[PDB]
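Trainee: Structure below; questions to follow.
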Amino acid sequence: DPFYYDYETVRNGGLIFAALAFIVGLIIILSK
Amino acid sequence: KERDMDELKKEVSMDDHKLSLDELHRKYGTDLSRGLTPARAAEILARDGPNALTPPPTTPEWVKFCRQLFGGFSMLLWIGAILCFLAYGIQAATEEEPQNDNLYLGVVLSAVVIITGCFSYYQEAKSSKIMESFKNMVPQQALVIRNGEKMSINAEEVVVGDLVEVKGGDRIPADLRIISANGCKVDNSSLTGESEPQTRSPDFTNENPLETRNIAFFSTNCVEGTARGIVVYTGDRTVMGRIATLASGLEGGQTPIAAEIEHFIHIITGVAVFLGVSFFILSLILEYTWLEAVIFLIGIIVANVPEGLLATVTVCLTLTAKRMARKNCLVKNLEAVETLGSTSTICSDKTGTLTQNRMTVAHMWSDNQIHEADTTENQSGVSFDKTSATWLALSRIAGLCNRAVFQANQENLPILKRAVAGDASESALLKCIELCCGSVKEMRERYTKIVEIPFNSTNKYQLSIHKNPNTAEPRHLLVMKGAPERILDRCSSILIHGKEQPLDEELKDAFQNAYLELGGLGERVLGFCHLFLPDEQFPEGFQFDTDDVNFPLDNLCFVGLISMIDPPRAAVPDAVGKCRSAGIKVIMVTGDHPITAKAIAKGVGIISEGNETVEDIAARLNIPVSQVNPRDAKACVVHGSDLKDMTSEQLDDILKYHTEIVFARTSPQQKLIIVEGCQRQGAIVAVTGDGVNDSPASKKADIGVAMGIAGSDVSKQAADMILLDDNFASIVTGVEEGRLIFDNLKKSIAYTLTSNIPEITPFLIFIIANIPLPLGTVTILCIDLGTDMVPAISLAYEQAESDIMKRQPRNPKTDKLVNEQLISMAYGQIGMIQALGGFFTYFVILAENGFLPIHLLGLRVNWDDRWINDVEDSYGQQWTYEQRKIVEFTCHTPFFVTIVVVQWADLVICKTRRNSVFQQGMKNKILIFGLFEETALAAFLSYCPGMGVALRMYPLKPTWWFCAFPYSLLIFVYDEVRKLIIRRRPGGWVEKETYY
Amino acid sequence: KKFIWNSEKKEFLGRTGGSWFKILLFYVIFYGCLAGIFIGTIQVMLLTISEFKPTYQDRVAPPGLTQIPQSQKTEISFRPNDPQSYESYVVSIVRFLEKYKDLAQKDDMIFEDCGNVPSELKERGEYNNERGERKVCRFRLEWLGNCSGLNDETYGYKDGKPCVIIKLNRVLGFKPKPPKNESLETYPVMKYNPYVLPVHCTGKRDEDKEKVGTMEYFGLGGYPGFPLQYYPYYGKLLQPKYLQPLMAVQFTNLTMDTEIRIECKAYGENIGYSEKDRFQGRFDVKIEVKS
Ligand SMILES: *[C@@H]1O[C@H](CO)[C@@H](O[C@@H]2O[C@H](CO)[C@@H](O)[C@H](O)[C@H]2NC(C)=O)[C@H](O)[C@H]1NC(C)=O
Ligand SMILES: *[C@@H]1O[C@H](CO)[C@@H](O[C@@H]2O[C@H](CO)[C@@H](O)[C@H](O)[C@H]2NC(C)=O)[C@H](O)[C@H]1NC(C)=O
Ligand SMILES: CC(C)CCC[C@@H](C)[C@H]1CC[C@H]2[C@@H]3CC=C4C[C@@H](O)CC[C@]4(C)[C@H]3CC[C@]12C
Ligand SMILES: CC(C)CCC[C@@H](C)[C@H]1CC[C@H]2[C@@H]3CC=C4C[C@@H](O)CC[C@]4(C)[C@H]3CC[C@]12C
Ligand SMILES: CC(C)CCC[C@@H](C)[C@H]1CC[C@H]2[C@@H]3CC=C4C[C@@H](O)CC[C@]4(C)[C@H]3CC[C@]12C
Ligand SMILES: C[C@]12CC/C(=N\OCCN)C[C@@H]1C(=O)C[C@@H]1[C@@H]2CC[C@]2(C)C(=O)CC[C@@H]12
Ligand SMILES: *[C@@H]1O[C@H](CO)[C@@H](O)[C@H](O)[C@H]1NC(C)=O
Ligand SMILES: [Mg+2]
Ligand SMILES: [Mg+2]
Ligand code: NA
């Protein structure tokens with residue numbers, strides 16, 4: 001039905017993005 | 001009535017020193033050779049208080065904590081929190097099922113001020129926590145004569161009117177009236193500022209108690225010799241005591257950074273109340289009643305207050321303060337880190353601050369040639385030619401015939417900073433031979449001394465005979481030293497490259513002009529000579545008993561002169577050049593003699609080479625000084641003898657027409673008056689001192705800069721910034737970081753002030769167009785107290801766009817921290833694009849879910865209603881309360897995301913005020929992380945399991961993250977081309993209206 | 001320092017006249033461009049949506065269940081004697097049913113007589129505009145027995161034993177699916193399970209269920225629900241003056257002078273519920289006929 005949205009998949013992608021972008025920012029401020 | 005008490009301290013001190021010995025003993029009832037009975041001593045002890053300055057006024061820790069919770073900026077957040085509970089008081093009692101947003105907001109604002117107070121208090125208290133680790137107050141017992149016997153007692157156990165004896169090395173306890181001295185030289189450096197060790201003689205000399213020698217002073221040390229004195233002043237009544245008490249009782253003033261904070265709020269609230277009131281009138285004109293319009297007034301004003309700006313500003317100041325601590329330049333005040341950048345006139349102290357306050361060998365005379373010795377504190381200067389017989393002979397005369405040696409623990413310390421016992425002159429000679437001529441230990445015991453002749457009260461000469469252990473000549477070596485006028489009479493031979501010559505006037509007059517060269521340079525000159533005694537007339541067994549003529553006073557062989565003076569610190573001259581380059585008027589303020597003050601000012605940069613004084617012009621023309629025009633002299637020397645008989649207007653005229661000023665022989669009180677005169681010009685003044693005379697000048701100054709080790713404790717506490725390393729170049733570092741953080745604060749301020757427009761416009765048109773709420777409260781807090789925290793703080797790590805040490809000091813009345821240009825950009829243009837971008841995402845989500853943007857007009861009337869569970873949209877569908885409220889909350893979450901999207905470009909453009917982003921470059925690694933954290937955190941606040949449950953922030957359909965993309969790109973384009981036109985057109989339009 | 005108003009050298013409110021004109025002209029042009037840009041982008045946004053269907057329809061997955069007396073707190077408190085006490089209710093009921101009169105549904109070009117018996121769903125092609133304006137099945141007030149009457153301009157309703165009709169939230173393209181014949185304990189209901197969306201009312205706890213004595217339902221042909229012959233909806237643009245099905249509920253044996261809670265739960269597979277939205281699928285009411 002067109003009345004069902006795959007919110008769990010979009011939500012899953014949003015958290016994975018929040019994980020990648022954040023850890024990469026940590027790598028950014030850690031120039032070693 | 002404390003006003004009169006302060007006026008009795010700003011006055012120059014008075015005394016009763018000039019009295020006969022019998023008169024002083026009668027007035028004090030004290031025996032001159034015995035002192036007094038111990039019972040009489042204890043009677044005064046329990047009468048006026050022990051001889052010690054009253055402790056500073058203790059500052060309890062709860063007082064300064066509540067101090068950090070107040071101020072000027074935190075006061076704004078306090079009145080805002082009060083308005084939140086006031087609005088909630090009207091809201092709770094008047095509407096149904098009231099919302100917990102205003103109460104949530106009131107407590108959050110209160111929490112913001114409290115956490116900011118705890119963080120800032122932890123930093124200011126940390127500065128004091130390390131400052132208390134510097135109080136190495138070692139108890140020092142004084143030698144007092146009572147009941148005819150000598151006794152050593154604590155300095156506090158000393159009272160008024162009793163004989164006190166001091167040994168060469170003992171620190172003078174209280175203020176004494178010398179009665180009998182024997183070659184006693186005291187060090188008045190830490191008090192009046194007299195550099196060379198001023199001797200103390202019982203005979204009354206000058207009307208001023210400071211210049212006279214019959215007075216020993218508090219906190220002064222006896223350099224050499226011994227002396228007796230009657231205690232005249234004790235405790236706080238002492239000289240330095242009245243100076244210290246004056247410093248504690250002086251005002252601190254209003255820091256320039258705090259004044260910028262006050263002017264900042266003057267505009268923040270000016271527009272907040274303007275928007276709130278004008279909209280309050282508009283709301284009542286429409287339909288909202290007094291009940292609701294009052295809440296509208298408070299909401300519009302309260303939202304216009306940057307809540308997260310307090311914490312970001314405090315951390316922004318804290319970061320620069322951290323760098324100050326890294327370079328051993330501690331700031332006792334968290335905001336005093338900025339005061340250096342705003343400084344336009346630095347009042348420096350000569351002895352101790354600019355100079356090292358230590359006699360050092362300056363120049364040498366050899367072969368009718370001047371040889372400058374290295375006078376740097378760290379020994380990093382030019383080394384003279386040390387490969388000649390004239391040098392070895394001169395060095396032996398100084399290293400051998402000199403009553404000066406090292407001490408016990410002086411073995412691992414450097415050659416200069418180590419301790420030496422004896423005269424300051426003999427100490428300088430020892431430090432130069434131990435550094436440029438090997439070691440004086442073995443060089444002294446080599447030539448065995450037979451009979452010595454120390455200095456004399458008249459015809460001051462110091463000679464001694466030594467054995468010659470050379471493997472060629474067994475003749476005795478006689479050496480002598482003294483003033484050039486006292487040795488020229490006892491000389492006939494002259495040493496040159498090894499051989500001797502007569503006293504020919506061709507080289508003897510060449511010696512006189514060189515003596516006048518070192519003397520005119522403000523240094524103390526001495527003359528060294530030696531002669532080979534004929535062993536045929538004085539055999540190896542003949543004992544030269546010191547009574548009659550055993551040594552030829554005349555016919556000696558002169559080698560050369562040796563001058564000495566306290567040299568300026570290593571990085572002092574270069575630092576003075578940097579400050580004058582920055583446009584800061586350097587003014588020397590000291591109580592030292594003018595003869596040396598003028599020379600030191602010439603050597604540091606306060607007096608430019610070529611400029612003449614009012615006196616110099618007259619001497620150049622062989623005319624009286626009263627004829628020359630003071631306008632012809634760019635520089636001028638001001639003696640304290642003339643400063644006492646001056647008015648405020650006269651001092652103003654001295655500062656206006658003379659660019660290079662040197663105040664010499666100025667009393668500590670006159671130091672205060674000099675600083676007050678510079679403050680009358682409205683310019684920011686910084687005082688750099690060390691002695692107790694700098695306490696009243698550093699306290700009243702906008703910022704006091706003290707020396708961490710070579711500075712007295714009083715002026716060290718009255719100051720606002722301490723240099724633990726005593727590196728005067730820290731002043732240049734301070735002015736650089738001060739202007740740096742000032743402009744960086746402008747950028748960080750414009751960033752937080754830009755987000756304000758898209759934060760309030762949703763609630764504004766919510767009242768006008770009667771549309772559903774475009775942006776919620778909790779979502780706004782996620783921006784002002786969440787995501788934007790990192791970009792705002794990362795904006796502090798920005799570097800210089802151009803050379804900051806090249807621009808002139810900022811005018812206080814002209815260059816304001818927040819002006820109409822910054823607001824024209826933040827509230828007027830950049831924030832405006834952010835607001836429209838938010839409304840774009842708002843209409844996008846609603847229209848895609850069935851609520852056309854045109855259909856949302858006047859919908860909030862039934863939208864916000866909780867029981868109308870059938871509201872027709874644009875397609876005819878019926879939405880319940882939660883079904884549409886879920887859409888509103890999932891419309892606030894992407895609106896928040898929309899803010900982060902436009903904040904990307906807003907951060908990149910605010911990063912550079914004038915240069916292009918391609919010029920400045922995205923090298924700010926903290927800013928890069930500011931974008932990554934802000935973006936990832938924003939996604940976390942929408943897609944975490946339970947955000948729509950706790951923060952009412954529902955997940956976003958992936959297409960919303962791009963609804964705001966063109967707005968950010970547009971903001972970047974418009975601001976980039978704006979700064980580009982500022983580059984190619986530095987005239988007026990894009991610079992006077994947009995550049996801030 | 002705050003009297004910078006004017007001077008003989010031309011300044012007003014802080015700046016000169018020529019400067020005021022330059023700034024005002026710049027801001028007018030700047031904000032004009034900003035307005036034009038926002039309008040152009042909002043126009044592109046309007047071009048990304050159609051006229052016959054909303055792009056996102058997942059936020060209305062479980063349809064609501066509303067009533068005719070849109071009470072301030074879903075409570076019905078009145079006096080069986082005082083006519084002004086229940087005026088706010090009757091006014092809303094008459095205004096709601098004003099579009100269901102036999103005179104309102106008179107044009108045969110936009111109305112279609114569905115039938116006296118609930119039948120299967122009526123799909124009128126696709127949702128595009130290739131077809132003309134679709135027809136809307138008629139629904140005369142006579143279907144709601146004992147809660148319609150043949151009254152005058154004012155529908156003299158029930159003073160004692162009031163009437164509360166229920167309505168299913170109109171959703172575009174929504175096809176109601178009643179529960180299977182394997183009904184999982186659905187409270188005595190008629191055997192017309194295939195062509196009508198059942199709706200059953202009840203109390204809320206052991207107290208409300210006892211106070212509410214007898215309830216009488218009224219619908220199309222006598223079934224307590226909504227007939228499938230009226231679905232799906234094709235939007236307001238293609239189906240204006242559409243009349244969604246109605247079903248009345250009367251509470252005969254009530255305990256006067258006592259506030260009792262009633263929960264009218266609509267059952268079906270395509271009908272969801274929500275613990276946060278008490279209107280999604282279910283429906284609540286607080287009736288109190290205080291005499
Ligand atoms: C509608 O209301 C009428 C009353 O006007 C009800 O008619 C009564 O019905 C009962 C049987 O249930 C008879 O015993 C009475 O004699 C009837 N009275 C009248 C005046 O007709 C009717 O039952 C109601 N309809 C429904 C479906 O409940
Ligand atoms: C309608 O409700 C009334 C209660 O209000 C029922 O009558 C009561 O029955 C009990 C016994 O169970 C008696 O104690 C009461 O005195 C009765 N009251 C009245 C007013 O009669 C009645 O049975 C119910 N009728 C229907 C058709 O449900
Ligand atoms: C201007 C450019 C360089 C910035 C780079 C960041 C852009 C490309 C990133 C930042 C945030 C990102 C979004 C983060 C969250 C979501 C939800 C996820 O379930 C699908 C991807 C999606 C929709 C991302 C698309 C790409 C995005 C918009
Ligand atoms: C809700 C709606 C109607 C409010 C409309 C407010 C608009 C018209 C207001 C809000 C902020 C205002 C600007 C604020 C800043 C500047 C710079 C100043 O040096 C002159 C006024 C000027 C140029 C204003 C022009 C008018 C302006 C853009
Ligand atoms: C309507 C808008 C999008 C078009 C505006 C054109 C923009 C995108 C173009 C015009 C001029 C271009 C710049 C020209 C100069 C420089 C400096 C160089 O060292 C790197 C490329 C760089 C940084 C270019 C980047 C892209 C640029 C800014
Ligand atoms: C608290 C509020 C006004 C009161 C309110 N509901 O009042 C109806 C109670 N029945 C909720 C509103 C919000 O959530 C949003 C609030 C707004 C006041 C002004 C606020 C605090 C702002 O500047 C941004 C958010 C705005
Ligand atoms: C449901 O089952 C009953 C008997 O249990 C039967 O009478 C009725 O016709 C059935 N309905 C359908 C739609 O199968
Ligand atoms: Mg804000
Ligand atoms: Mg000093
Ligand atoms: Na101060």
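Convention: chains lettered A, B, ... in structure tokens order; per-chain residue numbering from 1; ligands numbered from 1 as shown.
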Counting only C-alpha atoms, what is within 7 Å of residue 894 of chain B, bar same-chain residues fewer than 3 positions away, as an mmCIF file with N, CA, C and O atoms, in the first residue's frame?
Mentor:
data_model
loop_
_atom_site.group_PDB
_atom_site.id
_atom_site.type_symbol
_atom_site.label_atom_id
_atom_site.label_comp_id
_atom_site.auth_asym_id
_atom_site.auth_seq_id
_atom_site.Cartn_x
_atom_site.Cartn_y
_atom_site.Cartn_z
ATOM 1 N N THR B 890 7.501 16.842 12.814
ATOM 2 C CA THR B 890 8.386 16.353 11.768
ATOM 3 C C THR B 890 8.608 17.427 10.719
ATOM 4 O O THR B 890 9.196 17.159 9.667
ATOM 5 N N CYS B 891 8.097 18.628 10.998
ATOM 6 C CA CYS B 891 8.312 19.816 10.197
ATOM 7 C C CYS B 891 9.227 20.772 10.954
ATOM 8 O O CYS B 891 9.839 21.653 10.341
ATOM 9 N N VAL B 897 17.217 20.955 10.782
ATOM 10 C CA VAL B 897 18.226 20.456 9.849
ATOM 11 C C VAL B 897 18.529 21.513 8.787
ATOM 12 O O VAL B 897 19.681 21.696 8.370
ATOM 13 N N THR B 898 17.494 22.233 8.352
ATOM 14 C CA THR B 898 17.636 23.306 7.380
ATOM 15 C C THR B 898 18.578 24.368 7.927
ATOM 16 O O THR B 898 19.402 24.937 7.190
ATOM 17 N N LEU B 956 13.348 12.326 9.408
ATOM 18 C CA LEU B 956 13.122 13.060 8.174
ATOM 19 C C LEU B 956 13.199 12.171 6.945
ATOM 20 O O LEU B 956 14.054 11.283 6.863
ATOM 21 N N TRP B 960 14.422 15.886 2.447
ATOM 22 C CA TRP B 960 14.427 17.182 3.134
ATOM 23 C C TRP B 960 15.829 17.750 3.314
ATOM 24 O O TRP B 960 15.999 18.978 3.352
#
Trainee: Hey, which residues come within 12 Å of ligand 8 if we count only C-alpha atoms and all ligand atoms? Could you give them as a ChimeraX atom specification?
Mentor: /B:105,109,268,300-310,749-761,777-789,827,831,896,899
Trainee: Using only C-alpha atoms for the distances, tell me which of B:316, B:675, B:557, B:483 is nearest to residue 792 of chain B.
Mentor: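 The shortest atom-to-atom distance to residue 792 of chain B comes from B:316.
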Trainee: Could you please tell me, as a ChimeraX atom specification, which residues of chain B have an atom within 7 Å of chain A when using only C-alpha atoms?
Mentor: /B:925-926,929,932-933,936-937,939-940,943-944,955
Trainee: From a backbone DSSP assignment, name each residue in segment 93-264 of chain C labelled strand (DSSP E or B), as a PyMOL selection string.
Mentor: chain C and resi 111-112+136-137+163-168+172+196-202+215-218+225-227+233+246-251+260-264
Trainee: Report as a ChimeraX atom specification the set of chain C residues whose atoms approach chain B to within 6 Å, with distances computed over only C-alpha atoms.
Mentor: /C:54-56,169-171,235-236,277
Trainee: If the cut-off is 7 Å, can you tell me the residues of chain A near chain C, counting only C-alpha atoms? I'd like them as a compact mmCIF listing (two decimals) with N, CA and C atoms, in the first residue's frame.
Mentor:
# COMPACT_ATOMS: atom_id res chain seq x y z
N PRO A 2 0.40 2.32 -0.68
CA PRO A 2 1.15 3.58 -0.70
C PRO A 2 1.06 4.37 0.60
N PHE A 3 0.44 3.79 1.62
CA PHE A 3 0.29 4.41 2.92
C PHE A 3 1.29 3.87 3.94
N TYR A 4 2.34 3.20 3.48
CA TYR A 4 3.37 2.64 4.34
C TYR A 4 4.73 3.19 3.91
N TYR A 5 5.45 3.78 4.85
CA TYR A 5 6.77 4.35 4.59
C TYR A 5 7.81 3.52 5.33
Trainee: When distances are computed from only C-alpha atoms and all ligand atoms, which of B:912, B:596, B:91, B:681 shows the smallest separation from ligand 6?
Mentor: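 Closest residue, counting only C-alpha atoms and all ligand atoms: B:91.
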Trainee: Hey, can you check how far atom CA of residue 204 of chain C sits from atom CA of residue 259 of chain C?
Mentor: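 So the two atoms, atom CA of residue 204 of chain C and atom CA of residue 259 of chain C, lie 12.1 Å apart.
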Trainee: Show me which residues line ligand 5, defined as having an atom within 9 Å of a ligand atom where only C-alpha atoms and all ligand atoms count, and present them as JSON, numbers by chain.
Mentor: {"B": [916, 917, 918, 919, 969, 970, 973, 976, 977]}
